[PDB]
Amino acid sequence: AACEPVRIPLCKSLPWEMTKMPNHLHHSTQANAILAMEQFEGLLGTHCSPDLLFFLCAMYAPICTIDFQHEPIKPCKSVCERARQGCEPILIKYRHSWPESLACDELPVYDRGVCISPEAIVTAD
């Protein structure tokens, strides 16, 4: 299984352009990841967390590395936590819940100890 370009529209604005399946939702093809991501357009529009996009894209289309072949690197537990703390209340307010598949507590890979996180960037309008 080799790398493939990211094709999730909402994720193209992020830093990396190469991903590899299966992703962290266990989708075998990116076509399934694309469909899955569409469900988040509304929550993303509420700006409940500046880290929600990064977290979702790190889960649905993880950056490709030659190390970690079967289970790609994952977003840091701390980033998942920031996203959940900011967005779960909004989901709740609208009679929905944070999905178990995005639970932060069992996010980390046993015996690994490395993850990816966002970093401040220089931007304007």
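Start at 1 with the first residue shown and count on from there.
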Quiz item: Where do the C-alpha atoms have the higher mean temperature factor in this entry, in 78-86 or in 32-40?
Solution: 32-40
Quiz item: Mean C-alpha B factor from the entry: is it higher for 11-19 or for 103-111?
Solution: 103-111
Quiz item: Against its chain's modelled residues, does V6's Cα B factor rank lowest, middle or highest third?
Solution: middle
Self-check item: Third of the chain, ranked by Cα B-factor, where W98 sits
Solution: middle
Exercise. Determine, from the deposited record, the chain-internal third of the Cα B-factor for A61: lowest, middle or highest.
Key: lowest
Exercise. Could you tell me which third, lowest, middle or highest, the C-alpha B-factor of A124 occupies within its chain?
Key: highest
